[PDB]
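> once you've seen the sequence and the experimental structure below, I've got questions.
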Amino acid sequence: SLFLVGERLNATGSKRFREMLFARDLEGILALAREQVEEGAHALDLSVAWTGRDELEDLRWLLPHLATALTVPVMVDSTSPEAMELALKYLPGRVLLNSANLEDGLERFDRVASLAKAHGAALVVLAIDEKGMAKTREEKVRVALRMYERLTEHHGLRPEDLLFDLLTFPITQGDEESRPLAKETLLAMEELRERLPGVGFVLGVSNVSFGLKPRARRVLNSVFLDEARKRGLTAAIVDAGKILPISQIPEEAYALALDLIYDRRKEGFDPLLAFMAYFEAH
Ligand SMILES: CN1c2c(nc(N)[nH]c2=O)NC[C@@H]1CNc1ccc(C(=O)N[C@@H](CCC(=O)O)C(=O)O)cc1
Ligand code: NA
């Protein structure tokens, strides 16, 4: 069953965490960590990056305290290799590195992958290369295979140490480009689960619903998570306490969520509006 990675220790993603980080309210941060663990998280995503603030200084402060206080591994969420090195130095045993990609070329990808190999950390890899983010199922497969080959041949990373992130886009804007983006990821995951036995798959599930009302988001996140699980998802970055069991979602909301995820437009039926309409009326 799913390896849940709590999303909330995230300075851009959480006002609560950011204010505590800025005030050096360690006990506040530790309580938020424990909340998420109690609510189901088996690891904690940690993203302190905040524009015009020193990521390395924040991590030098917070990481030693997390190492002694936490019962679960930390997924270090950063694009700075120095920040990843801080995390690897301070944290015990399993760390997960989120993430490596190919946008900056092979050498940056290798630099991050080398860190994972050398310190026995799991590695998240994003479906992003020099041409940008893989949005269609074909693009996602192409990038993932190129990465898989580099990571196994060359770095000697094991399939089970890899978490492929095939990208979660918001399907709430309603433009043509974004409507199929959750489906493309779902279809790619199923295909790659077959092509690449033993690898993990991770998604930042909450991104799918950005812009909807909170109740609508919880439903959509929960349905998207469940659909991804059926396609082979092994880990999820989620607000662990806000994931609904499918059976708790009312019938019409559930059906509309599926219509939105799979872009099941017909004449006179826009799944996005119908989904939004539901939560206006209930
Ligand atoms: C793009 N994301 C992502 C990733 N890492 C990977 N591998 N993949 C991903 O898709 N790291 C960051 C984010 C996943 N984490 C998060 C964290 C918070 C929210 C979020 O929606 N936060 C609320 C605010 C909550 C509050 O302040 O009360 C928001 O509306 O911004 C979303 C995604
Ligand atoms: Na962030």
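Yep, it's here. Residues are numbered from 1 along each chain as shown. Ligands and ions are numbered 1, 2, ... in the order given.
> what ranges do the helices span in the stretch 151-282 of the chain?
Assigned by DSSP state H, counting those that start in this stretch, the stretch 151-282 of the chain shows helices spanning 181-195, 214-231, 251-261, 271-280.
> which one of these lies closest to residue 5?
helix 214-231 (11.9 Å; Cβ to Cβ). C-beta: built from backbone N, CA, C; applies to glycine.
> residue closest to the middle of this protein?
residue 204 (2.5 Å; Cα atoms, centre = their mean).
> ok, now which ones touch residue 137?
For residue 137, the contact set (Cβ atoms under 8 Å, 6 or more residues apart in numbering) comprises 184, 185, 187, 188, 191.
> burial measure for the first one, as a count.
Residue 184 has 20 neighbouring residues, counting by other Cβ atoms under 10 Å.
> my read: it touches residue 140, true?
Yes - between residue 184 and residue 140 there is a contact at 6.9 Å, judged by Cβ atoms under 8 Å.
> is stretch 226-243 in proximity to ligand 1?
Yes - on the criterion Cβ under 6 Å from any ligand atom, stretch 226-243 is in touch with ligand 1 at residue 237.
> which single residue in the stretch 101-250 of the chain comes nearest to ligand 1?
Residue of the stretch 101-250 of the chain nearest ligand 1, by Cβ to the nearest ligand atom: residue 204 (2.4 Å).
> any idea what that residue is bridged to?
Per DSSP bridges, the residues bridged to residue 204 are residue 237.
> now do the contacts for residue 93.
With Cβ under 8 Å, 6+ apart, residue 93 has these contacts: 73, 120.
> oh, that last question was meant for residue 145, not what I typed.
By Cβ under 8 Å, 6+ apart, the contact set of residue 145 is 195, 196.
> hang on, it in a strand?
No - under DSSP: H, G, I helix; E, B strand; the rest coil, residue 145 sits outside any strand and is assigned helix.
> surely residue 16 meets residue 32?
Yes - Residue 16 lies in contact with residue 32 (Cβ under 8 Å); the separation is 6.7 Å.
> what residues do those two have in common as contacts?
residue 8.
> out of the two, which sits in the busier spot?
Using other Cβ under 10 Å as the criterion, residue 16 and residue 32 rank with residue 32 on top: 19 against 13.
> give me the buried positions along the helix or strand harbouring that one.
Using DSSP states H and E, residue 32 maps to helix 26-38. Using 16 or more other Cβ atoms under 10 Å as the test for burial, helix 26-38 gives 29, 30, 32, 33, 34, 36, 37.
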